[PDB]
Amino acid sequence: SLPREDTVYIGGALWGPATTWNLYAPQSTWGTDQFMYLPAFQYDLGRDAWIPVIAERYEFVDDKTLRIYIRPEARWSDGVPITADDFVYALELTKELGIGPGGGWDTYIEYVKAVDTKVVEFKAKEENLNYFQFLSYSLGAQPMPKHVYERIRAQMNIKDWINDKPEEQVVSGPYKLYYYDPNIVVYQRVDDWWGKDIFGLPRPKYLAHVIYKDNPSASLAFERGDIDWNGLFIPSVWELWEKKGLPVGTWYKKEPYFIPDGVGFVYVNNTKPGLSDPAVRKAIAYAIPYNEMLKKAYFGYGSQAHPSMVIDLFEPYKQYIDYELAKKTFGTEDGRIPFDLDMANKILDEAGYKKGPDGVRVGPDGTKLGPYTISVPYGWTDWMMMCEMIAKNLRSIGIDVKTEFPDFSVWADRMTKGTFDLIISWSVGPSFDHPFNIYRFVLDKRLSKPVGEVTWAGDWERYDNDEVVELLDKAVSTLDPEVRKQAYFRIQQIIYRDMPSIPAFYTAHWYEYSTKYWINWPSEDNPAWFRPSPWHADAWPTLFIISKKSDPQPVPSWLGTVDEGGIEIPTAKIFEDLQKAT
């Protein structure tokens, strides 16, 4: 019985059943990290700047010692001040449990310390100095309510906690859980949210996500007015407003329709026999029908990824790509991997793989290129079609691969515990520290977990390489772009030699909106926020920008850099202060 005009309905973000609202549980429900728990600083990709959220400012004591000053007003939804202890607690608990927000912080942060009630101090580990990770883990730190979690641990194992009682939920964001069941999850605004004076209140009173079983059923809901804020794959999206005259839109009104989200991989499990062979993984890369699948299945909503894992859609990242290495390795104009079944077969043949009587390859060690599955969640129709196309080409070269589409939760379980064979999945996207962020996420064994244990922090494929570790530990030991560049170049050599997993395409930042009840959605025309997809980790400002149709509100005054009248701090200003602290 939600008030329609005060409720935003979402699609494409919650798939499968709600799980928990505990960022320390094996899985959590859409909306938890996004809306319930905010960071010290929120990175703004669109402006390359940082919103001071829970924190109001930083100070470098020296270039390796950063203090973060918590806003006095910053307060949990139960009224308990957010304090430096909350920041310490969150990170220490993640280290203890092997899971949780800020995973891997202890690798690059020496300590996090509460030097006063509203002052946290982060110190960079010197032995493997990395300024990017130092800044990422500190500025982006998410506190967690120590007074809440401690009570929980005295009562039960933290990992088993569901956090599903609305009246008990304690959050730092402007929303918390209102109600849920097998068919829906609903969030309600916290009207006396601590950030009310500084940021204003977000305009929707409720966020509601009906749980749709698949793309077509969600698409129907969208076409009939039942979804305001969508993060869906939609075939021929333009026809919604052209042909059908519906009041809906996307970021772009013409071709690509969507801004890029990141890099979609064909992930290949390194621990499986056959798939453990780099030659087999290389052959898989040549058997992906990149252009045909991206045009047919993906509607040109995204294009083929560069094998360097660098997102070359953005000109500033191109410098981090060794183009002559990539061109020399793959023999194409830009160094992308070409679809070529002849080469995939040749790679297999020269690695000693020979088709048995049933067509399926057997290695020189007797390893059969197996019954394997390629898996994506049920209902994700574009990825399913791509899986069918990839699997067919693999079967033709003697790699026995069939598709399998379990519920999201099952799919996520096998992905994170590393029991899959092949999957399509995401990685990371554009960022201040990008190409490093993707190498850290995809290639770093330190972020992985043993087979059978959940990891959301990275390296689902369980790639194991000590040299990459050394390279990342050196990559940003100084701010000199040249040092970073050279480390990226050696990593790219390693990627081509090992093919740990295949960077296939640039994922679309699925984002559609209806203007039936809500207006001023971000778009190319209204570029107020550059991560507006409802499922994105950084979607929350979107809710502060939109207005009810019956009562338009202006775009928030805090958006924009300090020099433009806003409160956001350019990444350039931060590195300037770092440099000045030497």
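Residue positions are given as counts along the sequence shown, with the first one as 1.
Averaged over their C-alpha atoms, the temperature factors of 471-479 and 208-216 are higher for 471-479. Just going by the entry, 104-112 versus 373-381 on mean CA temperature factor gives the higher value to 104-112. If you compare the C-alpha temperature factors of 78, 226, 242, 512 in the entry, 242 comes out highest.
Comparing the C-alpha B-factors of 86, 459, 312, 277 in the entry, the top value falls on 277.
Ranked by C-alpha B-factor against the other modelled residues of its chain, residue 552 falls in the highest third. Sorting the modelled residues of the chain by their CA temperature factor places residue 64 in the highest third. Residue 437: CA B factor in the lowest third of modelled residues in this chain (values from the PDB entry). Sort the chain's modelled residues by C-alpha temperature factor and residue 306 lands in the lowest third, per the entry. Per the deposited record, the Cα B-factor of residue 95 falls in the highest third when ranked against the other modelled residues of its chain.
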